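Below sits a lone chain in structure tokens, taken as the form deposited in one PDB entry.
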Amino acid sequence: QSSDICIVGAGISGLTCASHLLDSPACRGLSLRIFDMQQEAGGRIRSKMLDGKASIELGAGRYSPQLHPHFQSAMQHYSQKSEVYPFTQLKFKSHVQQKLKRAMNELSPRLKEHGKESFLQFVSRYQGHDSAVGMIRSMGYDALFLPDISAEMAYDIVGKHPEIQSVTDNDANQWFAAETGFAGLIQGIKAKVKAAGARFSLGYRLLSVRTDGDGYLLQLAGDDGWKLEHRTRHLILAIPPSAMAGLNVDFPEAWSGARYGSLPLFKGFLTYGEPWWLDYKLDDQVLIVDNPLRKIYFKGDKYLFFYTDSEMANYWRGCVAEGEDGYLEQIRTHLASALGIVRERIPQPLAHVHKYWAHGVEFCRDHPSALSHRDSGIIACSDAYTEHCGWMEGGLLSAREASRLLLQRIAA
């Protein structure tokens, strides 16, 4: 139970690490072991079949070739078919939405000086606090209110999310989703590294790690309690900052000078006996509302879903904890108040699924695509270390840098 190279984390970053490493002739003859505390690879990529009828994305769901060329290239590399992602339009702009577009354009020259303060305080410079609250609310992302989200970061959030990208004049970017779910890409990469000799040990959580001569000694625990020790010569931790902080490896202090934050996310998918929303011409439309649903998506004639973050992600999760009955009834109420129709005219769902991610988004509050432990030479890999914080593209960028660093260590 040992290896030459070990990767902890079978998300898109770790699987892509193993892919680069196994493509290099420098790794010929070296064993490679991949761990993940979950029984299936993918991480924050989780595709599911809603009532066995349609494919849905409980995790990452959309991408843009203009923003994410490495992801586009990976979809092609593994012959994954893409489809148009329709939730990019915002023609029915409200007064507050048009006001924010104008305010952000008018305030942009002030980013050099005040770009580091919270987005809320930055927008408050336009017409006051109250006006800023109403403007920011109309974007549907509650993270924009948080004091740890600076003005610069918020311009990045607005300009990069398909529903609100027109607010910073990024209409040109196209958006696509996986025809069969991004899980097909995960499996394509897993099958690729497995065929190249990589061995997978799924269902094992890394608890601690120590230096052991020229290598490392890992302590893992299976999901059923089975304790396990693994010795390796090279170690990549393809896990996000929230997980790094639990391994007692002095993260982030001994890995970088930046600080890192995270945000919870919540998605709920509902399907019905009939596409009742067609009576309102809402198919392929997204509604942003000052309502706990926040963002409401109607996928053609198949289903609907909502997507929330920060305070509202916790709202729906706490609501879920009180029981599924009250949860579905709350959705019914908020759908009526959001669409302006009598609650009794909103039918009950035929089937539904929801997912809560305590750390759905992890972001840097300020450089290298991958990190090196000051004290041991372990490598850290995550989208949080790149210019694409919170996106799969960032995971691909980090994996490339992490594998380059390791091959450098190998040739040392």
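The first residue of the shown sequence is 1; numbering continues from there. Throughout, rigid core stands for the largest set of C-alpha atoms superposing within 1.5 Å between the two forms.
Quick note: we don't show the form deposited in another entry, though the next part is all about it.
Following superposition on the rigid core between this form and the one not shown, the residue from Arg231, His77, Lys194, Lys93 with a C-alpha displacement of 2 angstroms or more is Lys93, and no other.
After superposition on the rigid core, the Cα of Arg332 moves by less than 2 Å between this form and the one not shown. Positional change of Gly215 between this form and the one not shown stays under 2 Å at the C-alpha, relative to the superposed core.
Put the two forms on the same core and the Cα of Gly257 is off by less than 2 Å between this form and the one not shown.
In the other form, the CA atoms of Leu335 and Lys91 come closer by at least 3 angstroms compared with the shown structure. The distance between the CA atoms of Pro252 and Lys112 is at least 3 Å longer in the other form than in the form shown here.
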